[PDB]
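The structure file data14.pdb is reproduced below (PDB, C-alpha atoms and all ligand atoms).
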```
ATOM      1  CA  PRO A   1     -47.514 103.754 -97.232  1.00  0.00           C
ATOM      2  CA  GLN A   2     -45.585 105.527 -94.498  1.00  0.00           C
ATOM      3  CA  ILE A   3     -46.546 109.101 -93.613  1.00  0.00           C
ATOM      4  CA  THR A   4     -44.005 111.105 -91.584  1.00  0.00           C
ATOM      5  CA  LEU A   5     -45.232 113.901 -89.370  1.00  0.00           C
ATOM      6  CA  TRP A   6     -42.977 116.774 -90.340  1.00  0.00           C
ATOM      7  CA  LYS A   7     -46.106 118.304 -91.862  1.00  0.00           C
ATOM      8  CA  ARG A   8     -49.807 117.737 -91.278  1.00  0.00           C
ATOM      9  CA  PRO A   9     -50.805 114.232 -92.422  1.00  0.00           C
ATOM     10  CA  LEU A  10     -53.290 115.383 -95.030  1.00  0.00           C
ATOM     11  CA  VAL A  11     -54.479 112.890 -97.594  1.00  0.00           C
ATOM     12  CA  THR A  12     -57.115 112.828-100.276  1.00  0.00           C
ATOM     13  CA  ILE A  13     -60.459 111.298 -99.418  1.00  0.00           C
ATOM     14  CA  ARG A  14     -63.598 110.846-101.460  1.00  0.00           C
ATOM     15  CA  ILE A  15     -67.131 111.033-100.175  1.00  0.00           C
ATOM     16  CA  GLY A  16     -69.512 110.801-103.135  1.00  0.00           C
ATOM     17  CA  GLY A  17     -68.743 113.478-105.710  1.00  0.00           C
ATOM     18  CA  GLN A  18     -66.523 115.450-103.381  1.00  0.00           C
ATOM     19  CA  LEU A  19     -62.802 114.938-103.097  1.00  0.00           C
ATOM     20  CA  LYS A  20     -61.414 116.548 -99.981  1.00  0.00           C
ATOM     21  CA  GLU A  21     -58.175 116.806 -98.073  1.00  0.00           C
ATOM     22  CA  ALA A  22     -58.369 115.342 -94.572  1.00  0.00           C
ATOM     23  CA  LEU A  23     -56.090 114.757 -91.606  1.00  0.00           C
ATOM     24  CA  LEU A  24     -55.221 111.226 -90.571  1.00  0.00           C
ATOM     25  CA  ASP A  25     -55.875 111.959 -86.902  1.00  0.00           C
ATOM     26  CA  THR A  26     -55.050 109.463 -84.170  1.00  0.00           C
ATOM     27  CA  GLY A  27     -56.351 111.956 -81.587  1.00  0.00           C
ATOM     28  CA  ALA A  28     -59.899 111.932 -82.998  1.00  0.00           C
ATOM     29  CA  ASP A  29     -62.234 109.158 -81.871  1.00  0.00           C
ATOM     30  CA  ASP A  30     -64.559 109.716 -84.814  1.00  0.00           C
ATOM     31  CA  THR A  31     -64.299 111.165 -88.303  1.00  0.00           C
ATOM     32  CA  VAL A  32     -65.469 114.803 -88.594  1.00  0.00           C
ATOM     33  CA  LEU A  33     -65.938 116.489 -91.977  1.00  0.00           C
ATOM     34  CA  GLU A  34     -66.503 120.091 -92.896  1.00  0.00           C
ATOM     35  CA  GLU A  35     -70.091 121.119 -93.495  1.00  0.00           C
ATOM     36  CA  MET A  36     -71.634 119.239 -96.447  1.00  0.00           C
ATOM     37  CA  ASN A  37     -75.227 118.318 -97.295  1.00  0.00           C
ATOM     38  CA  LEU A  38     -75.084 114.508 -97.211  1.00  0.00           C
ATOM     39  CA  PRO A  39     -78.188 112.430 -97.895  1.00  0.00           C
ATOM     40  CA  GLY A  40     -79.811 110.185 -95.293  1.00  0.00           C
ATOM     41  CA  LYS A  41     -80.766 110.031 -91.638  1.00  0.00           C
ATOM     42  CA  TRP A  42     -78.643 111.618 -88.955  1.00  0.00           C
ATOM     43  CA  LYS A  43     -78.680 112.437 -85.241  1.00  0.00           C
ATOM     44  CA  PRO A  44     -77.347 115.541 -83.452  1.00  0.00           C
ATOM     45  CA  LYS A  45     -74.208 115.295 -81.333  1.00  0.00           C
ATOM     46  CA  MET A  46     -71.824 117.689 -79.630  1.00  0.00           C
ATOM     47  CA  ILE A  47     -68.068 116.935 -79.732  1.00  0.00           C
ATOM     48  CA  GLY A  48     -65.395 118.548 -77.654  1.00  0.00           C
ATOM     49  CA  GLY A  49     -61.822 119.632 -78.168  1.00  0.00           C
ATOM     50  CA  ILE A  50     -59.517 122.563 -77.553  1.00  0.00           C
ATOM     51  CA  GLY A  51     -61.748 125.631 -77.241  1.00  0.00           C
ATOM     52  CA  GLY A  52     -64.927 123.747 -76.344  1.00  0.00           C
ATOM     53  CA  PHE A  53     -67.631 121.958 -78.267  1.00  0.00           C
ATOM     54  CA  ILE A  54     -69.188 122.103 -81.708  1.00  0.00           C
ATOM     55  CA  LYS A  55     -72.529 120.725 -82.821  1.00  0.00           C
ATOM     56  CA  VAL A  56     -72.379 118.057 -85.542  1.00  0.00           C
ATOM     57  CA  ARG A  57     -74.688 115.738 -87.460  1.00  0.00           C
ATOM     58  CA  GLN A  58     -73.906 112.037 -87.085  1.00  0.00           C
ATOM     59  CA  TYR A  59     -74.434 109.960 -90.226  1.00  0.00           C
ATOM     60  CA  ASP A  60     -73.919 106.213 -90.110  1.00  0.00           C
ATOM     61  CA  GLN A  61     -72.624 103.701 -92.619  1.00  0.00           C
ATOM     62  CA  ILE A  62     -71.236 106.305 -95.003  1.00  0.00           C
ATOM     63  CA  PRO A  63     -68.712 104.949 -97.526  1.00  0.00           C
ATOM     64  CA  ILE A  64     -65.485 106.960 -97.757  1.00  0.00           C
ATOM     65  CA  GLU A  65     -62.368 106.213 -99.828  1.00  0.00           C
ATOM     66  CA  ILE A  66     -59.111 107.225 -98.138  1.00  0.00           C
ATOM     67  CA  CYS A  67     -56.011 107.121-100.350  1.00  0.00           C
ATOM     68  CA  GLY A  68     -57.640 104.406-102.435  1.00  0.00           C
ATOM     69  CA  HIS A  69     -58.608 102.336 -99.381  1.00  0.00           C
ATOM     70  CA  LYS A  70     -62.296 101.656 -98.806  1.00  0.00           C
ATOM     71  CA  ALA A  71     -63.960 102.478 -95.514  1.00  0.00           C
ATOM     72  CA  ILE A  72     -67.557 102.666 -94.328  1.00  0.00           C
ATOM     73  CA  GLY A  73     -68.834 103.969 -91.037  1.00  0.00           C
ATOM     74  CA  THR A  74     -69.834 106.900 -88.926  1.00  0.00           C
ATOM     75  CA  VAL A  75     -69.139 110.374 -90.273  1.00  0.00           C
ATOM     76  CA  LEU A  76     -69.808 113.482 -88.230  1.00  0.00           C
ATOM     77  CA  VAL A  77     -70.527 116.675 -90.192  1.00  0.00           C
ATOM     78  CA  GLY A  78     -70.294 120.175 -88.821  1.00  0.00           C
ATOM     79  CA  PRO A  79     -68.357 123.419 -88.621  1.00  0.00           C
ATOM     80  CA  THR A  80     -64.916 121.954 -88.136  1.00  0.00           C
ATOM     81  CA  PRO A  81     -62.028 123.990 -89.588  1.00  0.00           C
ATOM     82  CA  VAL A  82     -60.387 120.881 -91.035  1.00  0.00           C
ATOM     83  CA  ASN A  83     -61.604 117.522 -92.333  1.00  0.00           C
ATOM     84  CA  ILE A  84     -60.558 114.815 -89.833  1.00  0.00           C
ATOM     85  CA  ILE A  85     -60.318 111.075 -90.387  1.00  0.00           C
ATOM     86  CA  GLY A  86     -60.611 109.627 -86.912  1.00  0.00           C
ATOM     87  CA  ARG A  87     -59.882 106.253 -85.420  1.00  0.00           C
ATOM     88  CA  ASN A  88     -63.214 104.729 -86.429  1.00  0.00           C
ATOM     89  CA  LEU A  89     -62.053 104.741 -90.067  1.00  0.00           C
ATOM     90  CA  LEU A  90     -58.242 104.705 -89.559  1.00  0.00           C
ATOM     91  CA  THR A  91     -58.571 101.143 -88.248  1.00  0.00           C
ATOM     92  CA  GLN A  92     -60.524 100.122 -91.378  1.00  0.00           C
ATOM     93  CA  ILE A  93     -57.716 101.225 -93.740  1.00  0.00           C
ATOM     94  CA  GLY A  94     -55.072  99.447 -91.635  1.00  0.00           C
ATOM     95  CA  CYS A  95     -53.453 102.522 -90.118  1.00  0.00           C
ATOM     96  CA  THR A  96     -51.035 102.229 -87.178  1.00  0.00           C
ATOM     97  CA  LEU A  97     -48.591 104.483 -85.321  1.00  0.00           C
ATOM     98  CA  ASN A  98     -44.995 103.281 -85.336  1.00  0.00           C
ATOM     99  CA  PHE A  99     -41.854 104.440 -83.530  1.00  0.00           C
TER     100      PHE A  99
ATOM    101  CA  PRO B   1     -43.704  99.986 -80.738  1.00  0.00           C
ATOM    102  CA  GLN B   2     -46.510  99.523 -83.247  1.00  0.00           C
ATOM    103  CA  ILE B   3     -49.763 100.976 -81.902  1.00  0.00           C
ATOM    104  CA  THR B   4     -53.122 100.077 -83.399  1.00  0.00           C
ATOM    105  CA  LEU B   5     -56.103 102.416 -83.194  1.00  0.00           C
ATOM    106  CA  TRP B   6     -59.062 100.397 -81.957  1.00  0.00           C
ATOM    107  CA  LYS B   7     -58.401 102.159 -78.611  1.00  0.00           C
ATOM    108  CA  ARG B   8     -57.099 105.682 -77.910  1.00  0.00           C
ATOM    109  CA  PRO B   9     -53.288 105.711 -78.259  1.00  0.00           C
ATOM    110  CA  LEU B  10     -52.655 106.776 -74.679  1.00  0.00           C
ATOM    111  CA  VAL B  11     -49.126 106.394 -73.340  1.00  0.00           C
ATOM    112  CA  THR B  12     -47.237 107.210 -70.172  1.00  0.00           C
ATOM    113  CA  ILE B  13     -44.952 110.223 -70.329  1.00  0.00           C
ATOM    114  CA  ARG B  14     -42.360 111.405 -67.820  1.00  0.00           C
ATOM    115  CA  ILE B  15     -42.066 115.177 -67.468  1.00  0.00           C
ATOM    116  CA  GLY B  16     -40.346 116.852 -64.488  1.00  0.00           C
ATOM    117  CA  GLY B  17     -40.220 113.550 -62.591  1.00  0.00           C
ATOM    118  CA  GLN B  18     -43.974 113.167 -62.944  1.00  0.00           C
ATOM    119  CA  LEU B  19     -45.773 110.354 -64.757  1.00  0.00           C
ATOM    120  CA  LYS B  20     -48.783 111.428 -66.808  1.00  0.00           C
ATOM    121  CA  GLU B  21     -50.961 109.783 -69.443  1.00  0.00           C
ATOM    122  CA  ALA B  22     -51.073 111.537 -72.819  1.00  0.00           C
ATOM    123  CA  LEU B  23     -52.704 110.970 -76.168  1.00  0.00           C
ATOM    124  CA  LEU B  24     -50.535 110.556 -79.248  1.00  0.00           C
ATOM    125  CA  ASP B  25     -52.297 113.030 -81.516  1.00  0.00           C
ATOM    126  CA  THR B  26     -51.256 113.211 -85.162  1.00  0.00           C
ATOM    127  CA  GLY B  27     -53.869 115.921 -85.771  1.00  0.00           C
ATOM    128  CA  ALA B  28     -52.175 118.248 -83.288  1.00  0.00           C
ATOM    129  CA  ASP B  29     -49.327 120.488 -84.534  1.00  0.00           C
ATOM    130  CA  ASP B  30     -48.452 121.180 -80.905  1.00  0.00           C
ATOM    131  CA  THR B  31     -48.044 119.365 -77.609  1.00  0.00           C
ATOM    132  CA  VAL B  32     -50.581 120.649 -75.066  1.00  0.00           C
ATOM    133  CA  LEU B  33     -50.744 119.520 -71.439  1.00  0.00           C
ATOM    134  CA  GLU B  34     -53.400 120.190 -68.812  1.00  0.00           C
ATOM    135  CA  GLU B  35     -52.634 122.693 -66.052  1.00  0.00           C
ATOM    136  CA  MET B  36     -49.408 121.845 -64.254  1.00  0.00           C
ATOM    137  CA  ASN B  37     -46.356 123.651 -62.928  1.00  0.00           C
ATOM    138  CA  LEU B  38     -43.155 123.715 -65.000  1.00  0.00           C
ATOM    139  CA  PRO B  39     -40.015 125.646 -64.126  1.00  0.00           C
ATOM    140  CA  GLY B  40     -38.464 128.507 -66.052  1.00  0.00           C
ATOM    141  CA  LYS B  41     -39.636 131.273 -68.313  1.00  0.00           C
ATOM    142  CA  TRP B  42     -42.832 130.940 -70.311  1.00  0.00           C
ATOM    143  CA  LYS B  43     -44.584 133.072 -72.921  1.00  0.00           C
ATOM    144  CA  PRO B  44     -48.342 133.745 -73.172  1.00  0.00           C
ATOM    145  CA  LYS B  45     -49.710 132.229 -76.396  1.00  0.00           C
ATOM    146  CA  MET B  46     -53.060 131.438 -77.952  1.00  0.00           C
ATOM    147  CA  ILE B  47     -53.970 128.340 -79.954  1.00  0.00           C
ATOM    148  CA  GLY B  48     -57.101 127.191 -81.762  1.00  0.00           C
ATOM    149  CA  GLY B  49     -58.766 123.793 -81.763  1.00  0.00           C
ATOM    150  CA  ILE B  50     -62.047 122.418 -82.998  1.00  0.00           C
ATOM    151  CA  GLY B  51     -64.084 124.513 -80.560  1.00  0.00           C
ATOM    152  CA  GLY B  52     -62.241 127.822 -80.681  1.00  0.00           C
ATOM    153  CA  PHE B  53     -59.243 129.480 -79.093  1.00  0.00           C
ATOM    154  CA  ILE B  54     -57.611 129.146 -75.691  1.00  0.00           C
ATOM    155  CA  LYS B  55     -54.798 130.827 -73.812  1.00  0.00           C
ATOM    156  CA  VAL B  56     -51.770 128.697 -73.003  1.00  0.00           C
ATOM    157  CA  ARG B  57     -48.345 129.121 -71.406  1.00  0.00           C
ATOM    158  CA  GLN B  58     -45.561 128.217 -73.842  1.00  0.00           C
ATOM    159  CA  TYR B  59     -42.487 126.509 -72.344  1.00  0.00           C
ATOM    160  CA  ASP B  60     -39.537 125.881 -74.667  1.00  0.00           C
ATOM    161  CA  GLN B  61     -36.912 123.111 -74.571  1.00  0.00           C
ATOM    162  CA  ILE B  62     -38.711 120.889 -72.037  1.00  0.00           C
ATOM    163  CA  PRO B  63     -37.592 117.255 -71.822  1.00  0.00           C
ATOM    164  CA  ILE B  64     -40.344 114.624 -72.046  1.00  0.00           C
ATOM    165  CA  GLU B  65     -39.836 110.873 -72.207  1.00  0.00           C
ATOM    166  CA  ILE B  66     -42.665 109.420 -74.256  1.00  0.00           C
ATOM    167  CA  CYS B  67     -43.127 105.692 -73.964  1.00  0.00           C
ATOM    168  CA  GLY B  68     -39.354 105.424 -73.303  1.00  0.00           C
ATOM    169  CA  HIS B  69     -38.288 107.762 -76.135  1.00  0.00           C
ATOM    170  CA  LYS B  70     -36.650 111.105 -75.368  1.00  0.00           C
ATOM    171  CA  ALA B  71     -37.809 114.421 -76.769  1.00  0.00           C
ATOM    172  CA  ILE B  72     -36.888 117.994 -75.868  1.00  0.00           C
ATOM    173  CA  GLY B  73     -39.159 120.696 -77.188  1.00  0.00           C
ATOM    174  CA  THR B  74     -42.037 123.086 -76.829  1.00  0.00           C
ATOM    175  CA  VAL B  75     -44.829 122.272 -74.385  1.00  0.00           C
ATOM    176  CA  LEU B  76     -47.989 124.338 -74.151  1.00  0.00           C
ATOM    177  CA  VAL B  77     -49.863 124.258 -70.849  1.00  0.00           C
ATOM    178  CA  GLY B  78     -53.540 125.164 -70.650  1.00  0.00           C
ATOM    179  CA  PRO B  79     -57.154 124.037 -70.796  1.00  0.00           C
ATOM    180  CA  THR B  80     -56.910 121.148 -73.242  1.00  0.00           C
ATOM    181  CA  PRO B  81     -59.538 118.394 -72.643  1.00  0.00           C
ATOM    182  CA  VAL B  82     -56.720 115.816 -72.417  1.00  0.00           C
ATOM    183  CA  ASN B  83     -52.917 115.809 -72.459  1.00  0.00           C
ATOM    184  CA  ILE B  84     -51.845 115.530 -76.104  1.00  0.00           C
ATOM    185  CA  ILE B  85     -48.511 114.822 -77.740  1.00  0.00           C
ATOM    186  CA  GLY B  86     -48.434 116.675 -81.067  1.00  0.00           C
ATOM    187  CA  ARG B  87     -46.282 116.480 -84.130  1.00  0.00           C
ATOM    188  CA  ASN B  88     -43.540 118.718 -82.736  1.00  0.00           C
ATOM    189  CA  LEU B  89     -42.588 115.868 -80.377  1.00  0.00           C
ATOM    190  CA  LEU B  90     -43.912 112.898 -82.391  1.00  0.00           C
ATOM    191  CA  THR B  91     -41.318 113.742 -85.039  1.00  0.00           C
ATOM    192  CA  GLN B  92     -38.557 113.757 -82.432  1.00  0.00           C
ATOM    193  CA  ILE B  93     -39.404 110.221 -81.290  1.00  0.00           C
ATOM    194  CA  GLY B  94     -39.539 108.974 -84.900  1.00  0.00           C
ATOM    195  CA  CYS B  95     -43.277 108.377 -85.012  1.00  0.00           C
ATOM    196  CA  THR B  96     -44.906 107.733 -88.392  1.00  0.00           C
ATOM    197  CA  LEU B  97     -48.320 106.640 -89.644  1.00  0.00           C
ATOM    198  CA  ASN B  98     -48.394 103.378 -91.591  1.00  0.00           C
ATOM    199  CA  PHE B  99     -51.053 101.549 -93.555  1.00  0.00           C
TER     200      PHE B  99
HETATM  201  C1  LIG C 101     -59.778 115.384 -77.245  1.00  0.00           C
HETATM  202  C2  LIG C 101     -58.572 115.120 -78.125  1.00  0.00           C
HETATM  203  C3  LIG C 101     -58.415 116.084 -79.315  1.00  0.00           C
HETATM  204  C4  LIG C 101     -58.313 117.543 -78.862  1.00  0.00           C
HETATM  205  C5  LIG C 101     -57.061 117.901 -78.084  1.00  0.00           C
HETATM  206  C6  LIG C 101     -59.574 115.870 -80.281  1.00  0.00           C
HETATM  207  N1  LIG C 101     -59.436 116.668 -81.525  1.00  0.00           N
HETATM  208  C7  LIG C 101     -58.548 116.060 -82.537  1.00  0.00           C
HETATM  209  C8  LIG C 101     -57.219 116.829 -82.590  1.00  0.00           C
HETATM  210  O1  LIG C 101     -56.247 116.078 -83.367  1.00  0.00           O
HETATM  211  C9  LIG C 101     -57.352 118.230 -83.185  1.00  0.00           C
HETATM  212  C10 LIG C 101     -57.662 118.248 -84.682  1.00  0.00           C
HETATM  213  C11 LIG C 101     -57.736 119.663 -85.231  1.00  0.00           C
HETATM  214  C12 LIG C 101     -56.789 120.206 -86.095  1.00  0.00           C
HETATM  215  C13 LIG C 101     -56.893 121.521 -86.530  1.00  0.00           C
HETATM  216  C14 LIG C 101     -57.955 122.308 -86.124  1.00  0.00           C
HETATM  217  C15 LIG C 101     -58.894 121.779 -85.267  1.00  0.00           C
HETATM  218  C16 LIG C 101     -58.793 120.469 -84.828  1.00  0.00           C
HETATM  219  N2  LIG C 101     -56.107 118.925 -82.945  1.00  0.00           N
HETATM  220  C17 LIG C 101     -55.960 119.925 -82.094  1.00  0.00           C
HETATM  221  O2  LIG C 101     -56.775 120.451 -81.368  1.00  0.00           O
HETATM  222  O3  LIG C 101     -54.616 120.398 -82.104  1.00  0.00           O
HETATM  223  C18 LIG C 101     -54.356 121.638 -81.456  1.00  0.00           C
HETATM  224  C19 LIG C 101     -52.972 121.435 -80.874  1.00  0.00           C
HETATM  225  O4  LIG C 101     -52.096 121.648 -81.984  1.00  0.00           O
HETATM  226  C20 LIG C 101     -52.666 122.609 -82.868  1.00  0.00           C
HETATM  227  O5  LIG C 101     -52.571 122.114 -84.189  1.00  0.00           O
HETATM  228  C21 LIG C 101     -53.871 121.820 -84.692  1.00  0.00           C
HETATM  229  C22 LIG C 101     -54.862 122.596 -83.821  1.00  0.00           C
HETATM  230  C23 LIG C 101     -54.135 122.721 -82.487  1.00  0.00           C
HETATM  231  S1  LIG C 101     -60.828 117.300 -82.048  1.00  0.00           S
HETATM  232  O6  LIG C 101     -60.571 117.879 -83.338  1.00  0.00           O
HETATM  233  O7  LIG C 101     -61.221 118.242 -81.027  1.00  0.00           O
HETATM  234  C24 LIG C 101     -61.968 116.144 -82.203  1.00  0.00           C
HETATM  235  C25 LIG C 101     -62.845 115.758 -81.168  1.00  0.00           C
HETATM  236  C26 LIG C 101     -63.789 114.724 -81.362  1.00  0.00           C
HETATM  237  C27 LIG C 101     -63.830 114.067 -82.600  1.00  0.00           C
HETATM  238  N3  LIG C 101     -64.712 113.052 -82.855  1.00  0.00           N
HETATM  239  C28 LIG C 101     -62.983 114.442 -83.623  1.00  0.00           C
HETATM  240  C29 LIG C 101     -62.074 115.476 -83.423  1.00  0.00           C
END
```
Now, as a test, write the supplied structure out as structure tokens.
Amino acid sequence: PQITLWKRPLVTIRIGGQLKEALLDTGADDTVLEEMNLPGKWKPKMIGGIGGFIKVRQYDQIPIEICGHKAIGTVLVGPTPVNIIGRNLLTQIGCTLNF
Amino acid sequence: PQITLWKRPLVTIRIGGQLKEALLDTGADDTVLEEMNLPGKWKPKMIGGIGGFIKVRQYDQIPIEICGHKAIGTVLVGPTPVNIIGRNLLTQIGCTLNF
């Protein structure tokens, strides 16, 4: 599909039994999801943006479905105000910028 | 162009005769540039990112050429970690997401 940018590029994602709305975010290196108690091993990380840093948990090889497209990879989890699909998964679903 | 996302979508912009590198950021509502001088009136504003809120200077109707495409719109100047082109100007240059 083609998503214009007149509004925030929010799409439906699924991670296990949770459907969520998330931004398709070319400015994010890695996917960051709102706090959720995912199973499995993780490592602490701090990620930085406007306003400073937040602490997140890095989970690897997590399957996520994004608008019906399958992805699997690193998912950061922490107190972000918005769910963010970053470049690590945008490439897996075939997403490009075009102008 | 078509821009894939295996690397950061950094592009050269021209603003006030100056060449800068900026990140095409679909998860940003607004265009935010690192500290720089711009002419004319500005308004104090605050904006929030992943790590909290910052103070910025809001300049309206500023021309920026983004990868050869002309925009004229609002530019916020302040302590962003990197220069970002947000949706306010991505829409003007006809940028969409495609997958
Ligand atoms: C270092 C480059 C940017 C910050 C500049 C990185 N951000 C993604 C960005 O798209 C963010 C994503 C974002 C969206 C909404 C809330 C927080 C973050 N947007 C953002 O800060 O936009 C601000 C400018 O316009 C405004 O509209 C949205 C917030 C304002 S981020 O959220 O801080 C971020 C950093 C690291 C990872 N892995 C994932 C995300």
Closest to ligand LIG 101 (chain C) among B:15, B:95, B:33, B:64, using all atoms listed in the file?
B:33
Best match for closeness to ligand LIG 101 (chain C) among B:37, B:91, B:98, B:31, counting all atoms listed in the file:
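Of the candidates, the smallest distance to ligand LIG 101 (chain C) is held by B:31.
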Counting all atoms listed in the file, what residues are within 6 Å of ligand LIG 101 (chain C), given as a list in words?
residues 25, 27, 28, 29, 30, 31, 32, 47, 48, 49, 50, 81 and 82 of chain A; 25, 27, 28, 29, 30, 48, 49, 50, 80, 81 and 82 of chain B
Within 10 Å of chain A: residues of chain B, using all atoms listed in the file, as a ChimeraX atom specification
/B:1-10,23-29,32,47-55,67,69,78-82,84-99
Matching every Cα in sequence order between the two identical chains, what are the coordinates of chain B once fitted onto chain A? Write them as an mmCIF file with C-alpha atoms, in the coordinates of the input.
```
data_model
loop_
_atom_site.group_PDB
_atom_site.id
_atom_site.type_symbol
_atom_site.label_atom_id
_atom_site.label_comp_id
_atom_site.auth_asym_id
_atom_site.auth_seq_id
_atom_site.Cartn_x
_atom_site.Cartn_y
_atom_site.Cartn_z
ATOM 1 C CA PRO B 1 -48.136 103.953 -97.530
ATOM 2 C CA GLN B 2 -45.732 105.090 -94.827
ATOM 3 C CA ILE B 3 -46.372 108.731 -93.910
ATOM 4 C CA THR B 4 -43.825 110.790 -92.012
ATOM 5 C CA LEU B 5 -44.836 113.741 -89.852
ATOM 6 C CA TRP B 6 -42.613 116.664 -90.789
ATOM 7 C CA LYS B 7 -45.705 117.943 -92.670
ATOM 8 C CA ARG B 8 -49.414 117.580 -91.825
ATOM 9 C CA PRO B 9 -50.626 114.121 -92.928
ATOM 10 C CA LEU B 10 -53.219 115.457 -95.346
ATOM 11 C CA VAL B 11 -54.682 113.021 -97.860
ATOM 12 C CA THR B 12 -57.334 113.041 -100.550
ATOM 13 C CA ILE B 13 -60.604 111.347 -99.673
ATOM 14 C CA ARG B 14 -63.538 110.480 -101.919
ATOM 15 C CA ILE B 15 -66.960 110.845 -100.308
ATOM 16 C CA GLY B 16 -70.198 111.020 -102.339
ATOM 17 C CA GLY B 17 -68.246 111.451 -105.583
ATOM 18 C CA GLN B 18 -66.466 114.473 -104.147
ATOM 19 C CA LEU B 19 -62.723 114.805 -103.584
ATOM 20 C CA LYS B 20 -61.730 116.525 -100.347
ATOM 21 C CA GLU B 21 -58.499 116.918 -98.398
ATOM 22 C CA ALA B 22 -58.544 115.567 -94.840
ATOM 23 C CA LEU B 23 -56.117 115.265 -91.974
ATOM 24 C CA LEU B 24 -55.257 111.833 -90.617
ATOM 25 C CA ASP B 25 -55.789 112.535 -86.930
ATOM 26 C CA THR B 26 -54.803 109.870 -84.413
ATOM 27 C CA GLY B 27 -55.919 112.148 -81.566
ATOM 28 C CA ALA B 28 -59.492 112.179 -82.862
ATOM 29 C CA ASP B 29 -61.859 109.374 -81.761
ATOM 30 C CA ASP B 30 -64.242 110.480 -84.501
ATOM 31 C CA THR B 31 -64.216 111.529 -88.138
ATOM 32 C CA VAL B 32 -65.458 115.119 -88.490
ATOM 33 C CA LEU B 33 -65.945 116.905 -91.811
ATOM 34 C CA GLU B 34 -66.663 120.566 -92.509
ATOM 35 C CA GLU B 35 -70.175 121.554 -93.588
ATOM 36 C CA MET B 36 -71.329 119.550 -96.589
ATOM 37 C CA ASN B 37 -74.462 117.779 -97.766
ATOM 38 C CA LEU B 38 -74.781 114.007 -97.306
ATOM 39 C CA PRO B 39 -77.863 111.953 -98.102
ATOM 40 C CA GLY B 40 -80.019 110.008 -95.679
ATOM 41 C CA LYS B 41 -81.005 110.239 -92.058
ATOM 42 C CA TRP B 42 -78.785 111.979 -89.536
ATOM 43 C CA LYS B 43 -78.891 112.464 -85.771
ATOM 44 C CA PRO B 44 -78.040 115.665 -83.856
ATOM 45 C CA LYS B 45 -74.958 115.086 -81.681
ATOM 46 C CA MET B 46 -72.481 117.121 -79.684
ATOM 47 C CA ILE B 47 -68.731 116.558 -79.449
ATOM 48 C CA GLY B 48 -65.925 118.239 -77.527
ATOM 49 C CA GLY B 49 -62.483 119.274 -78.712
ATOM 50 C CA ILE B 50 -59.671 121.338 -77.294
ATOM 51 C CA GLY B 51 -61.726 124.540 -77.321
ATOM 52 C CA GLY B 52 -65.105 123.282 -76.154
ATOM 53 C CA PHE B 53 -68.202 121.668 -77.591
ATOM 54 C CA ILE B 54 -69.893 121.888 -80.973
ATOM 55 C CA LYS B 55 -73.065 120.580 -82.553
ATOM 56 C CA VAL B 56 -72.664 118.110 -85.399
ATOM 57 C CA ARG B 57 -74.876 115.986 -87.648
ATOM 58 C CA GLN B 58 -74.084 112.281 -87.267
ATOM 59 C CA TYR B 59 -74.339 110.159 -90.437
ATOM 60 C CA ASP B 60 -73.884 106.399 -90.057
ATOM 61 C CA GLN B 61 -72.510 103.851 -92.547
ATOM 62 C CA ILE B 62 -71.056 106.384 -95.009
ATOM 63 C CA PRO B 63 -68.478 105.093 -97.497
ATOM 64 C CA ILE B 64 -65.210 107.048 -97.711
ATOM 65 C CA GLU B 65 -62.165 106.086 -99.749
ATOM 66 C CA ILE B 66 -59.109 107.352 -97.913
ATOM 67 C CA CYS B 67 -55.931 107.453 -99.934
ATOM 68 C CA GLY B 68 -57.296 104.487 -101.956
ATOM 69 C CA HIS B 69 -58.469 102.455 -98.936
ATOM 70 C CA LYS B 70 -62.171 101.813 -98.359
ATOM 71 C CA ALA B 71 -63.979 102.519 -95.113
ATOM 72 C CA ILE B 72 -67.678 102.589 -94.257
ATOM 73 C CA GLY B 73 -68.614 104.222 -90.992
ATOM 74 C CA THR B 74 -69.768 107.166 -88.961
ATOM 75 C CA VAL B 75 -69.114 110.679 -90.251
ATOM 76 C CA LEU B 76 -69.845 113.766 -88.191
ATOM 77 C CA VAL B 77 -70.483 116.994 -90.087
ATOM 78 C CA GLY B 78 -70.042 120.374 -88.424
ATOM 79 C CA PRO B 79 -67.771 123.289 -87.591
ATOM 80 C CA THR B 80 -64.417 121.537 -87.325
ATOM 81 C CA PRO B 81 -61.428 123.774 -88.280
ATOM 82 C CA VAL B 82 -60.337 121.146 -90.838
ATOM 83 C CA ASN B 83 -61.643 117.841 -92.194
ATOM 84 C CA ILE B 84 -60.281 115.095 -89.932
ATOM 85 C CA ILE B 85 -60.176 111.330 -90.262
ATOM 86 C CA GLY B 86 -60.391 109.852 -86.758
ATOM 87 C CA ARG B 87 -59.717 106.468 -85.292
ATOM 88 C CA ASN B 88 -63.133 105.049 -86.181
ATOM 89 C CA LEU B 89 -62.039 105.047 -89.841
ATOM 90 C CA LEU B 90 -58.247 104.851 -89.378
ATOM 91 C CA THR B 91 -58.773 101.412 -87.844
ATOM 92 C CA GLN B 92 -60.825 100.309 -90.843
ATOM 93 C CA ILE B 93 -58.024 101.182 -93.276
ATOM 94 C CA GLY B 94 -55.440 99.380 -91.112
ATOM 95 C CA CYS B 95 -53.585 102.482 -89.980
ATOM 96 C CA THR B 96 -51.081 102.154 -87.131
ATOM 97 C CA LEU B 97 -48.452 104.359 -85.504
ATOM 98 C CA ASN B 98 -44.879 103.081 -85.702
ATOM 99 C CA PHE B 99 -41.602 104.197 -84.190
#
```
What's the separation between CA of residue 57 in chain B and CA of residue 40 in chain B, in Å to one decimal place?
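According to the coordinates, CA of residue 57 in chain B and CA of residue 40 in chain B are separated by 11.3 Å.
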Nearest residue to residue 62 in chain A out of A:12, A:83, A:21, A:39, using all atoms listed in the file?
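Among the listed residues, the smallest separation from residue 62 in chain A belongs to A:39.
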